[PDB]
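Asker: Following this message is one structure expressed as structure tokens.
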Amino acid sequence: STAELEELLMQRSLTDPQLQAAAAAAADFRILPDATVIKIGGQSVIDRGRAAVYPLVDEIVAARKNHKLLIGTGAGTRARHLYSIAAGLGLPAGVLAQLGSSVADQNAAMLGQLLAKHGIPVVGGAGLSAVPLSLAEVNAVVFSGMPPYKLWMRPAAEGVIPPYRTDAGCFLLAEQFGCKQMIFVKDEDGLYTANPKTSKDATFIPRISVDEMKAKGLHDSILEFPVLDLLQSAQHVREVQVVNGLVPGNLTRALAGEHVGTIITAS
Amino acid sequence: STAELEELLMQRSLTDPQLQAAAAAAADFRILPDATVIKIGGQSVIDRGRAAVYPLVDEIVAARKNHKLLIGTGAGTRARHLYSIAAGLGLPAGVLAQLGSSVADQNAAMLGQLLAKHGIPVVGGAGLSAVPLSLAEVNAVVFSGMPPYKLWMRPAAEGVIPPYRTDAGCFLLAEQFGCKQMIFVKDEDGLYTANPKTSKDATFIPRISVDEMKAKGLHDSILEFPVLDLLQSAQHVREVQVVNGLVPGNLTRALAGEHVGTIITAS
Amino acid sequence: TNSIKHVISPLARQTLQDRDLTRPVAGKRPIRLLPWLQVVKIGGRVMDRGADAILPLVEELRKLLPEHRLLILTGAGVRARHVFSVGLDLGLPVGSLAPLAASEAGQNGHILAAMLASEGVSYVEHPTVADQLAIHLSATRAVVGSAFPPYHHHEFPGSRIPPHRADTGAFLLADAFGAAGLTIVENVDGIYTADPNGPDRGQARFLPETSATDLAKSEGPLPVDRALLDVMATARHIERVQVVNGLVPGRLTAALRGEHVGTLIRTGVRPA
Amino acid sequence: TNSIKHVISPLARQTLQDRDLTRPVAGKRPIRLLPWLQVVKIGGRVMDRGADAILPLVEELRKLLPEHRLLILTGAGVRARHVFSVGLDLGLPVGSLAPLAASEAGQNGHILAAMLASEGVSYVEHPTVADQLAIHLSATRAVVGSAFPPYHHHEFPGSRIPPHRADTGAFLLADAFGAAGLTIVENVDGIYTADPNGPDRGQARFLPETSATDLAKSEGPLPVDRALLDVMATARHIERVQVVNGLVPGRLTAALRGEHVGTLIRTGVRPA
Amino acid sequence: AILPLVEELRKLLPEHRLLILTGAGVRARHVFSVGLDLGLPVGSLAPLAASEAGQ
Ligand SMILES: Nc1ncnc2c1ncn2[C@@H]1O[C@H](COP(=O)(O)OP(=O)(O)OP(=O)(O)O)[C@@H](O)[C@H]1O
Ligand SMILES: Nc1ncnc2c1ncn2[C@@H]1O[C@H](COP(=O)(O)OP(=O)(O)OP(=O)(O)O)[C@@H](O)[C@H]1O
Ligand SMILES: Nc1ncnc2c1ncn2[C@@H]1O[C@H](COP(=O)(O)OP(=O)(O)OP(=O)(O)O)[C@@H](O)[C@H]1O
Ligand SMILES: Nc1ncnc2c1ncn2[C@@H]1O[C@H](COP(=O)(O)OP(=O)(O)OP(=O)(O)O)[C@@H](O)[C@H]1O
Ligand SMILES: Nc1ncnc2c1ncn2[C@@H]1O[C@H](COP(=O)(O)OP(=O)(O)OP(=O)(O)O)[C@@H](O)[C@H]1O
Ligand code: MOO
Ligand code: MOO
Ligand SMILES: [Mg+2]
Ligand SMILES: [Mg+2]
Ligand SMILES: [Mg+2]
Ligand SMILES: [Mg+2]
């Protein structure tokens, strides 16, 4: 039934629903189905320094022997400084994105300097870095999480803060390359009902869906909310797991599929 | 004692000595401690052509099986031609540096074309080219030698000749990445009291320190003198060895730590 | 012990997800960087017709340069449809197809710039546009570019067709730069109730003016992306967008002068 | 089943090898993109002389900028000869030597641009020449570049020496851009019957004018490539090329004005 | 009224090529009052007002 698809593509506009329906009926190809994506928080982990990074480096050097790893970095508080500055000036979301990309790239550089002796490089090209992801001697790459929408960033309904940051970059890289699982390493055991750093009554949440997550009307979350709308709309990766990287072993256990922290499901 | 370091960093200026002393008390991390850096002279070796390059290519493809190798190239006499031209024109050291960088890159390209069949690539990003070094079937790279200070070069006290050329590039790349050994492959058995090509009464020197090297008041040396001030100030690599690449085996013996040429020690 | 090392700032210790904490800092309306800029998005269906449609357009633009400071973005057209056909036969995801189409856009742009070079016009890549468009426009009068935004491997899922296409990228740029106006050039007089080149062309009725909501809440095809409407809803500066036929001479010029020669789309912006 | 997905076009289902099928579409003469451009190829043997030859040349150029819009392309010279000697001792193929010489050309260009910067001149690299030349020339008056074309590992075989050197690249550019004129600057008054620096110096007769054919059919050395003579035959816009000595002041300035101060080479182009 | 207008124009220059033509205003009314007291004809008053515009 590809002839109808072709004649539509050549004739109709891509907004034509008949065309979208024909396209949805097409095949599905996974580029790195054996690969696992993880996002190392910047403000939650890297900005803590040695105590939180050396153990994780160990865990990673250990896990790459059995798993295939795409390690995206977060930005951190330098980015929040930049955002505050640029917002004080009234500069738009695109600029702020240009700025945070850099903070995410710096953290990646640091991590790569830590991991180079272990054969793990820093790659602009995470999806098509076919060689390292193929060699068991390497089986891992460090990229930087902030996405390429630099100045074309979709602004939020209210404000200049870029809604699509590192979390979204990593998740979308996973969904594109058909990776098997997506993990967020942060400074908390998982998702609660509220920011535990502020509220002490915050209740843990081991598992939840996106719909329930919105119904709860969370004022603050451990993930960017747009990532939820993305997850609800994805094809390959339908769930993500959030874990604490300060706890040793949690990451390794998660890579094995265990339910260590919080699991968020599209449905 | 990192809290004092942090509050100083945020408050004082980086010229604050209390801060510099706090920083010196910080940790040390070697990025490629198992790696060895060598510098292939351009005017001394490559500009000789086949007779001097093919044997070294053999030695290198042999040695990479037991050592990690970062092979920096020198510029040569094309660079001296360029420097002559540009000085006749009165152009500054930065420009000359921009020019010599290129000669070093040409020589690197040639060497890499020679070594590609052996799996040894040419890399701009030499230090974090982690993959080729993590492998035993590559275990080496060619990084043209000239440093990146292109138009920002520190000029010399007198003249427009750039003082920080290939020698310095290779040595600094070693010191940064915490490499274990730094070797200079040239056309002489080592350092003498004077240029033997001009003065046949010159006396060999098997070993010496930087201080003694200055006290001797050498008019000409086999290394750039600024490299000495750098070596006296380094932290990881505290000695270098100069050898003759025309003599077969000398390089291999040196990589094994053997003392075959001249050894220069910071202290 | 392992406490976080924060940089003191209003947004410190924040996740940027709680709007009540960011609004005091980032809740205000931004500024215009290039308020004197006019953006023109040429559709690829136009360039695909070739000289017959480009040469007149080129002369019009040649006559517009001394009047405006122009950013001329191009679209992809049919080659993008072909690459979609192939990539879908292969089962590639939308993020794999996005750049393959952005490229056809860029090639159309290179063509146009070649035709306009005699006048000081050139093609500028996405980073030049982003970081340094002001100087490239202080030198000359117009520059050409690609309209597809760089969401290449990171495009949004949900559809096997990249939703963020030329129109969307042009609008996002213009609204970021705070440009004076965005003008879209198509092969049709404007927007209708239905594809006038399709089966129901007899019932297709022209729409001289409308809002992004009325369209986005409707269903059916459009000469423009729907993500364009979604972003219009969140615009900051641009209040209206005019869609005009470039096969008809003089309409582009008029549109740049604010005339109502095609379809007007009001955004969610509330002027003063 | 596995049939080809074609994009409808006049050249569809074609190999582009049958000229009878492409002529109706591509058999017509092209246009000039930068007809107002003047191209000047400085030889490397000139720049190798240093200040003695460059400073006068620099002053001449300084006096030419307000008169013309200039693309000044440099050549390699002797450093390229050295790198050839080496690469041949090593047995490297011509495709490996080509870039190594292009680089010496680029360095000569960087030098010249440094000497001319005070006047608004700078070096471009070649991507920028191909695409962003018109704007870089709307900003300033002259730009410097490399003359060796980027055939670096794709250099034609047959000879151990890259046949496509500076002269060739300069001409190819100029004829593509449809430039107004190409002017070559050498260390000799022009072309002779033989090398006036060689053993046959005494039998060398100056050739004030000639054609590309008379030379290409000939045998013997030349101050210009032979591939230049080959491409001249396939030229489209450039009708004549003047070779002049740059060690002599005023000859370049005159040549840009069309005066016959050196050697004139007529191409295969037929005027109107 | 002028300073805001001047800033607006300052912000318009890079956007347009402008010919800004001024009018006369009230001084022209005064010179009219006078010239009419003197009985001057309209052709005698026109330049007198053009001048206030120019100023
Ligand atoms: N409902 C919630 N459940 C769990 N944690 C929450 C919640 N709301 C807010 N948080 C806080 O959000 C923080 C993580 O978000 P943040 O963006 O600050 O770190 P990150 O995303 O890892 O770093 P970066 O944003 O630089 O990638 C955690 O430290 C946590 O305390
Ligand atoms: N005191 C000395 N002892 C030994 N050699 C010396 C001394 N002084 C000068 N030389 C000479 O210096 C030369 C090496 O310096 P040179 O910079 O020319 O080569 P290189 O550094 O290997 O090449 P490049 O500078 O292009 O990297 C040797 O040929 C050597 O003869
Ligand atoms: N409601 C509508 N009103 C007007 N035209 C429509 C409508 N629906 C579909 N079309 C058709 O859509 C076509 C344009 O498709 P599309 O927008 O993909 O091309 P384009 O925008 O010119 O190229 P690009 O997408 O590369 O910018 C028009 O030629 C028109 O016939
Ligand atoms: N028939 C000839 N007529 C004039 N000069 C000749 C002839 N044959 C050889 N030459 C010599 O060739 C030399 C130029 O060689 P070549 O063209 O390689 O250098 P160039 O063009 O100045 O440098 P580049 O090739 O890098 O542009 C001149 O110095 C000239 O003496
Ligand atoms: N029908 C009308 N609508 C609006 N304003 C009017 C009307 N009739 C008279 N006016 C008044 O006329 C005044 C302007 O008079 P006039 O046009 O002579 O001044 P001007 O045009 O600003 O100055 P100049 O004539 O030198 O350009 C306005 O202030 C306005 O109040
Ligand atoms: O700190 Mo970020 O910018 O949310 O990843
Ligand atoms: O020949 Mo060098 O390596 O520039 O000193
Ligand atoms: Mg975050
Ligand atoms: Mg359209
Ligand atoms: Mg073919
Ligand atoms: Mg020549």
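The way I read the labels, and the way they are meant: chains A, B, ... in the order of the structure tokens, residue 1 as the first residue of every chain, and ligand 1 as the first ligand shown, with later ones counted on from there.
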Show me which residues line ligand 6, defined as having an atom within 6 Å of a ligand atom where only C-alpha atoms and all ligand atoms count, and present them as a PyMOL selection string.

Answerer: chain A and resi 74-76+79+100+165-166

Asker: For region 88-96 of chain D, find every residue with an atom within 8 Å (counting only C-alpha atoms), except residues of its own chain fewer than 4 positions away, and show them as a PyMOL selection string.

Answerer: (chain B and resi 49-50+110) or (chain D and resi 84+100+151-157+159-162)

Asker: Take the selection from the previous step and output its residues with C-alpha atoms, as an mmCIF file, in the first residue's frame.

Answerer:
data_model
loop_
_atom_site.group_PDB
_atom_site.id
_atom_site.type_symbol
_atom_site.label_atom_id
_atom_site.label_comp_id
_atom_site.auth_asym_id
_atom_site.auth_seq_id
_atom_site.Cartn_x
_atom_site.Cartn_y
_atom_site.Cartn_z
ATOM 1 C CA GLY B 49 62.289 11.732 3.746
ATOM 2 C CA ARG B 50 62.102 8.000 3.240
ATOM 3 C CA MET B 110 51.845 12.658 5.508
ATOM 4 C CA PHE D 84 56.448 17.401 -3.336
ATOM 5 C CA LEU D 100 49.794 19.938 1.127
ATOM 6 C CA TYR D 151 40.653 18.474 -5.639
ATOM 7 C CA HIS D 152 42.781 17.369 -2.714
ATOM 8 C CA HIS D 153 42.372 13.565 -2.554
ATOM 9 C CA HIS D 154 40.174 13.589 -5.697
ATOM 10 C CA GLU D 155 43.060 15.005 -7.865
ATOM 11 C CA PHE D 156 43.198 13.517 -11.387
ATOM 12 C CA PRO D 157 45.776 10.779 -11.916
ATOM 13 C CA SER D 159 50.928 12.475 -13.213
ATOM 14 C CA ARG D 160 52.650 12.366 -9.868
ATOM 15 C CA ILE D 161 52.311 16.156 -9.887
ATOM 16 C CA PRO D 162 48.483 17.609 -8.847
#

Asker: Give me the residues near residue 155 (chain A) as number ranges by chain, where near means some atom within 8 Å (using only C-alpha atoms) and where sequence neighbours in that chain fewer than 2 positions away do not count.

Answerer: A: 93-94, 153, 157, 159-163; C: 231, 234-235

Asker: Let me have all residues with an atom within 6 Å of ligand 2, counting only C-alpha atoms and all ligand atoms, laid out as a PDB file with C-alpha atoms, in the first residue's frame.

Answerer:
ATOM      1  CA  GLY B  41      61.222  16.517  14.414  1.00  0.00           C
ATOM      2  CA  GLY B  42      60.379  17.949  11.044  1.00  0.00           C
ATOM      3  CA  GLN B  43      63.659  19.534  10.109  1.00  0.00           C
ATOM      4  CA  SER B  44      65.621  16.715  11.695  1.00  0.00           C
ATOM      5  CA  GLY B  74      57.228  19.115  13.990  1.00  0.00           C
ATOM      6  CA  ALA B  75      57.054  21.756  11.334  1.00  0.00           C
ATOM      7  CA  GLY B  76      60.413  21.906   9.622  1.00  0.00           C
ATOM      8  CA  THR B 166      56.093  22.168  18.498  1.00  0.00           C
ATOM      9  CA  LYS B 186      65.683  14.153  16.498  1.00  0.00           C
ATOM     10  CA  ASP B 187      68.789  13.943  14.339  1.00  0.00           C
ATOM     11  CA  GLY B 190      71.187  14.053  22.370  1.00  0.00           C
ATOM     12  CA  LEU B 191      72.169  17.397  23.797  1.00  0.00           C
ATOM     13  CA  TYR B 192      75.713  18.645  23.377  1.00  0.00           C
ATOM     14  CA  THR B 193      77.523  21.758  24.510  1.00  0.00           C
ATOM     15  CA  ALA B 194      77.007  23.314  21.094  1.00  0.00           C
ATOM     16  CA  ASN B 195      75.483  22.619  17.742  1.00  0.00           C
ATOM     17  CA  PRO B 196      77.620  19.757  16.441  1.00  0.00           C
ATOM     18  CA  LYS B 197      76.576  20.463  12.868  1.00  0.00           C
ATOM     19  CA  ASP B 220      71.783  27.223  20.893  1.00  0.00           C
ATOM     20  CA  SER B 221      69.971  24.184  22.201  1.00  0.00           C
ATOM     21  CA  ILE B 222      68.231  21.136  20.862  1.00  0.00           C
TER      22      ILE B 222
END

Asker: Kindly provide, as a list in words, the residues of chain B having any atom no farther than 6 Å from an atom of chain A, counting only C-alpha atoms.

Answerer: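 Putting it all together, I get residues 31, 32, 130, 131 and 134 of chain B.
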
Asker: Mind running chain D against chain C at 10 Å and telling me each contacting residue's nearest atom pair with the distance in Å (one decimal), counting only C-alpha atoms, chain and number ascending, as a tab-separated table?

Answerer:
residue	atom	partner	partner_atom	distance
D:5	CA	C:82	CA	7.6
D:6	CA	C:82	CA	7.8
D:7	CA	C:82	CA	6.8
D:8	CA	C:78	CA	9.3
D:9	CA	C:48	CA	9.6
D:31	CA	C:115	CA	9.2
D:32	CA	C:118	CA	8.4
D:33	CA	C:118	CA	5.8
D:34	CA	C:118	CA	5.3
D:35	CA	C:118	CA	7.4
D:36	CA	C:118	CA	7.8
D:37	CA	C:118	CA	9.6
D:128	CA	C:122	CA	9.8
D:130	CA	C:114	CA	9.9
D:131	CA	C:122	CA	6.5
D:132	CA	C:122	CA	5.1
D:133	CA	C:122	CA	7.4
D:134	CA	C:120	CA	4.8
D:135	CA	C:120	CA	5.1
D:136	CA	C:139	CA	7.8
D:137	CA	C:120	CA	7.6
D:138	CA	C:120	CA	5.8
D:139	CA	C:139	CA	4.6
D:140	CA	C:139	CA	8.3
D:177	CA	C:114	CA	9.5

Asker: Those same residues, written as an mmCIF file, in the first residue's frame with C-alpha atoms?

Answerer:
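So out32.cif came out as:
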data_model
loop_
_atom_site.group_PDB
_atom_site.id
_atom_site.type_symbol
_atom_site.label_atom_id
_atom_site.label_comp_id
_atom_site.auth_asym_id
_atom_site.auth_seq_id
_atom_site.Cartn_x
_atom_site.Cartn_y
_atom_site.Cartn_z
ATOM 1 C CA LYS D 5 10.485 6.014 -6.903
ATOM 2 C CA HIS D 6 11.070 8.910 -9.264
ATOM 3 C CA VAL D 7 10.728 12.632 -8.792
ATOM 4 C CA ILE D 8 9.013 14.072 -11.832
ATOM 5 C CA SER D 9 11.467 16.223 -13.747
ATOM 6 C CA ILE D 31 24.755 33.170 -16.669
ATOM 7 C CA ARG D 32 27.192 35.319 -14.732
ATOM 8 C CA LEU D 33 26.706 35.429 -10.984
ATOM 9 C CA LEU D 34 29.312 38.095 -10.213
ATOM 10 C CA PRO D 35 29.880 39.809 -13.552
ATOM 11 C CA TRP D 36 31.309 42.783 -11.703
ATOM 12 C CA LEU D 37 34.162 40.809 -10.213
ATOM 13 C CA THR D 128 32.950 31.200 2.018
ATOM 14 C CA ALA D 130 31.841 29.522 -2.981
ATOM 15 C CA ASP D 131 28.777 30.692 -1.077
ATOM 16 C CA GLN D 132 29.157 33.841 0.848
ATOM 17 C CA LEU D 133 31.389 35.806 -1.585
ATOM 18 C CA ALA D 134 28.879 38.501 -2.625
ATOM 19 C CA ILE D 135 28.238 39.622 0.919
ATOM 20 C CA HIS D 136 31.869 39.500 1.992
ATOM 21 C CA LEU D 137 32.397 41.865 -0.945
ATOM 22 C CA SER D 138 29.453 44.100 -0.196
ATOM 23 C CA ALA D 139 31.065 44.688 3.172
ATOM 24 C CA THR D 140 34.554 45.437 1.936
ATOM 25 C CA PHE D 177 31.164 33.436 -11.401
#

Asker: Compile the contact shell of residue 183 (chain B) as an NGL selection string: residues with an atom at most 8 Å away, counting only C-alpha atoms, same-chain residues fewer than 5 positions apart removed.

Answerer: :B and (36-39 or 240-243 or 254)

Asker: Keeping only N, CA and C atoms, write those residues as an mmCIF file, in the first residue's frame.

Answerer:
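File written: out_4.cif
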data_model
loop_
_atom_site.group_PDB
_atom_site.id
_atom_site.type_symbol
_atom_site.label_atom_id
_atom_site.label_comp_id
_atom_site.auth_asym_id
_atom_site.auth_seq_id
_atom_site.Cartn_x
_atom_site.Cartn_y
_atom_site.Cartn_z
ATOM 1 N N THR B 36 52.419 7.630 26.386
ATOM 2 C CA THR B 36 53.737 8.167 26.135
ATOM 3 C C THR B 36 53.658 9.120 24.959
ATOM 4 N N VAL B 37 54.307 10.263 25.094
ATOM 5 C CA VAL B 37 54.296 11.296 24.074
ATOM 6 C C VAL B 37 55.671 11.362 23.449
ATOM 7 N N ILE B 38 55.705 11.419 22.131
ATOM 8 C CA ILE B 38 56.940 11.561 21.389
ATOM 9 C C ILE B 38 56.746 12.644 20.349
ATOM 10 N N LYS B 39 57.830 13.316 20.005
ATOM 11 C CA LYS B 39 57.807 14.393 19.033
ATOM 12 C C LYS B 39 58.763 14.054 17.909
ATOM 13 N N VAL B 240 62.397 14.684 30.578
ATOM 14 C CA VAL B 240 62.201 14.329 29.186
ATOM 15 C C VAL B 240 63.470 13.682 28.671
ATOM 16 N N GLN B 241 63.327 12.929 27.589
ATOM 17 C CA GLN B 241 64.469 12.277 26.976
ATOM 18 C C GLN B 241 64.530 12.610 25.502
ATOM 19 N N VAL B 242 65.711 12.995 25.053
ATOM 20 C CA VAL B 242 65.984 13.284 23.660
ATOM 21 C C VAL B 242 66.813 12.151 23.098
ATOM 22 N N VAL B 243 66.450 11.692 21.910
ATOM 23 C CA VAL B 243 67.118 10.563 21.296
ATOM 24 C C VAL B 243 67.252 10.807 19.807
ATOM 25 N N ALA B 254 64.032 3.548 24.513
ATOM 26 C CA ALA B 254 63.608 4.654 25.353
ATOM 27 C C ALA B 254 62.212 4.426 25.897
#

Asker: Write down, as a VMD selection string, each residue of chain B that has any atom within 12 Å of an atom of chain C, counting only C-alpha atoms.

Answerer: chain B and resid 1 to 3 5 to 7 9 to 11

Asker: Take the residues from that selection and put them in a file with N, CA and C atoms, as a PDB file, in the first residue's frame.

Answerer:
ATOM      1  N   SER B   1      38.585  20.712  53.592  1.00  0.00           N
ATOM      2  CA  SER B   1      39.036  22.096  53.506  1.00  0.00           C
ATOM      3  C   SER B   1      38.602  22.728  52.195  1.00  0.00           C
ATOM      4  N   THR B   2      37.615  22.119  51.546  1.00  0.00           N
ATOM      5  CA  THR B   2      37.138  22.632  50.273  1.00  0.00           C
ATOM      6  C   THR B   2      36.167  23.789  50.438  1.00  0.00           C
ATOM      7  N   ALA B   3      35.573  23.948  51.619  1.00  0.00           N
ATOM      8  CA  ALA B   3      34.656  25.060  51.832  1.00  0.00           C
ATOM      9  C   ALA B   3      35.391  26.390  51.790  1.00  0.00           C
ATOM     10  N   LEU B   5      38.141  26.872  50.138  1.00  0.00           N
ATOM     11  CA  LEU B   5      38.447  27.026  48.729  1.00  0.00           C
ATOM     12  C   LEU B   5      37.276  27.635  47.980  1.00  0.00           C
ATOM     13  N   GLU B   6      36.072  27.137  48.237  1.00  0.00           N
ATOM     14  CA  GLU B   6      34.906  27.599  47.502  1.00  0.00           C
ATOM     15  C   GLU B   6      34.578  29.043  47.835  1.00  0.00           C
ATOM     16  N   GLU B   7      34.574  29.383  49.120  1.00  0.00           N
ATOM     17  CA  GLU B   7      34.231  30.745  49.492  1.00  0.00           C
ATOM     18  C   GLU B   7      35.271  31.720  48.974  1.00  0.00           C
ATOM     19  N   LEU B   9      37.065  31.237  46.181  1.00  0.00           N
ATOM     20  CA  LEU B   9      36.833  31.303  44.749  1.00  0.00           C
ATOM     21  C   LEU B   9      35.708  32.258  44.426  1.00  0.00           C
ATOM     22  N   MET B  10      34.661  32.238  45.233  1.00  0.00           N
ATOM     23  CA  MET B  10      33.509  33.075  44.960  1.00  0.00           C
ATOM     24  C   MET B  10      33.740  34.518  45.358  1.00  0.00           C
ATOM     25  N   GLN B  11      34.609  34.758  46.332  1.00  0.00           N
ATOM     26  CA  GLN B  11      34.838  36.101  46.844  1.00  0.00           C
ATOM     27  C   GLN B  11      36.101  36.735  46.277  1.00  0.00           C
TER      28      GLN B  11
END

Asker: Kindly provide the residues of chain C that approach chain E to within 7 Å, each paired with its closest atom pair and their distance in Å to one decimal, based on only C-alpha atoms, listed by chain and increasing number, as JSON lines.

Answerer:
{"residue": "C:36", "atom": "CA", "partner": "E:15", "partner_atom": "CA", "distance": 4.7}
{"residue": "C:67", "atom": "CA", "partner": "E:16", "partner_atom": "CA", "distance": 6.3}
{"residue": "C:68", "atom": "CA", "partner": "E:15", "partner_atom": "CA", "distance": 6.3}
{"residue": "C:69", "atom": "CA", "partner": "E:15", "partner_atom": "CA", "distance": 6.8}

Asker: Restricting it to C-alpha atoms, dump the selection as a CSV table (one decimal), in the first residue's frame.

Answerer:
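Contents of the output file selection-v6.csv:
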chain,number,residue,atom,x,y,z
C,36,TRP,CA,13.7,46.2,12.0
C,67,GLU,CA,13.3,49.1,0.9
C,68,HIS,CA,13.7,46.5,3.6
C,69,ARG,CA,16.2,44.4,5.5

Asker: Hey, which residues come within 7 Å of ligand 3 if we count only C-alpha atoms and all ligand atoms? Could you give them as an NGL selection string?

Answerer: (:A and (12-14)) or (:C and (42-46 or 74-77 or 105 or 165-167 or 186-188 or 190-197 or 220-224))

Asker: Report the residues of region 82-203 of chain C whose backbone DSSP state falls under helix (DSSP H, G or I), written as JSON, numbers by chain.

Answerer: {"C": [82, 83, 84, 85, 86, 87, 88, 89, 94, 95, 96, 97, 98, 99, 100, 101, 102, 103, 104, 105, 106, 107, 108, 109, 110, 111, 112, 113, 114, 115, 116, 117, 118, 119, 126, 127, 128, 129, 130, 131, 132, 133, 134, 135, 136, 137, 138, 139, 166, 167, 168, 169, 170, 171, 172, 173, 174, 175, 176, 177]}

Asker: For residue 262 (chain C), list every protein, DNA or RNA residue within 6 Å, evaluated using only C-alpha atoms, and leave out those in the same chain fewer than 4 positions away; present the list as a list in words.

Answerer: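 My list of contacting residues is residues 189, 190, 243 and 244 of chain C.
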
Asker: Deliver the residues from the most recent selection as a file, using N, CA and C atoms, as a short mmCIF file (atom, residue, chain, number, x, y, z; two decimals), in the first residue's frame.

Answerer:
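result.cif, freshly written:
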data_model
loop_
_atom_site.label_atom_id
_atom_site.label_comp_id
_atom_site.auth_asym_id
_atom_site.auth_seq_id
_atom_site.Cartn_x
_atom_site.Cartn_y
_atom_site.Cartn_z
N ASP C 189 -3.45 31.69 -3.66
CA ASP C 189 -3.80 33.03 -3.23
C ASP C 189 -3.75 33.17 -1.72
N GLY C 190 -3.93 32.07 -1.01
CA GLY C 190 -3.92 32.09 0.43
C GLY C 190 -4.43 30.80 1.02
N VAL C 243 -0.22 35.30 4.29
CA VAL C 243 0.06 34.29 3.29
C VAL C 243 -0.35 34.87 1.95
N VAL C 244 0.56 34.83 0.98
CA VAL C 244 0.33 35.44 -0.31
C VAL C 244 0.86 34.54 -1.40
#

Asker: Would you please give, as a JSON list (two decimals) with N, CA and C atoms, in the first residue's frame, all residues of region 19-171 of chain D that DSSP assigns to strand (DSSP E) based on the backbone?

Answerer:
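Result written to part_33.json:
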[["chain", "number", "residue", "atom", "x", "y", "z"],
["D", 38, "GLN", "N", 36.53, 41.10, -10.41],
["D", 38, "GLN", "CA", 37.85, 41.04, -11.02],
["D", 38, "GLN", "C", 38.70, 40.11, -10.18],
["D", 39, "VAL", "N", 39.32, 39.14, -10.84],
["D", 39, "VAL", "CA", 40.09, 38.12, -10.17],
["D", 39, "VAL", "C", 41.55, 38.31, -10.49],
["D", 40, "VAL", "N", 42.38, 38.20, -9.47],
["D", 40, "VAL", "CA", 43.81, 38.42, -9.59],
["D", 40, "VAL", "C", 44.51, 37.27, -8.91],
["D", 41, "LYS", "N", 45.27, 36.51, -9.67],
["D", 41, "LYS", "CA", 46.02, 35.40, -9.14],
["D", 41, "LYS", "C", 47.47, 35.79, -9.00],
["D", 42, "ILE", "N", 47.92, 35.92, -7.76],
["D", 42, "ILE", "CA", 49.31, 36.18, -7.45],
["D", 42, "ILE", "C", 50.05, 34.86, -7.42],
["D", 70, "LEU", "N", 37.63, 43.10, -5.83],
["D", 70, "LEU", "CA", 38.73, 42.21, -6.13],
["D", 70, "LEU", "C", 38.68, 40.92, -5.34],
["D", 71, "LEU", "N", 38.95, 39.84, -6.03],
["D", 71, "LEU", "CA", 39.24, 38.56, -5.41],
["D", 71, "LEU", "C", 40.68, 38.23, -5.74],
["D", 72, "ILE", "N", 41.52, 38.26, -4.71],
["D", 72, "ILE", "CA", 42.95, 38.05, -4.86],
["D", 72, "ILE", "C", 43.29, 36.66, -4.37],
["D", 73, "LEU", "N", 43.64, 35.80, -5.30],
["D", 73, "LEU", "CA", 43.94, 34.42, -5.02],
["D", 73, "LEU", "C", 45.43, 34.20, -5.12],
["D", 74, "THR", "N", 46.00, 33.57, -4.11],
["D", 74, "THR", "CA", 47.43, 33.36, -4.06],
["D", 74, "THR", "C", 47.79, 31.95, -4.49],
["D", 142, "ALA", "N", 37.96, 44.13, -1.26],
["D", 142, "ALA", "CA", 38.73, 43.02, -1.75],
["D", 142, "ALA", "C", 38.74, 41.93, -0.70],
["D", 143, "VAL", "N", 38.89, 40.70, -1.16],
["D", 143, "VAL", "CA", 39.13, 39.58, -0.27],
["D", 143, "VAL", "C", 40.22, 38.73, -0.87],
["D", 144, "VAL", "N", 40.95, 38.08, -0.02],
["D", 144, "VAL", "CA", 42.03, 37.20, -0.42],
["D", 144, "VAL", "C", 41.59, 35.77, -0.23],
["D", 145, "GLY", "N", 42.17, 34.89, -1.02],
["D", 145, "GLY", "CA", 41.84, 33.49, -0.98],
["D", 145, "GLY", "C", 42.96, 32.66, -1.55],
["D", 146, "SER", "N", 42.74, 31.37, -1.52],
["D", 146, "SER", "CA", 43.66, 30.43, -2.11],
["D", 146, "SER", "C", 43.22, 30.09, -3.51]]
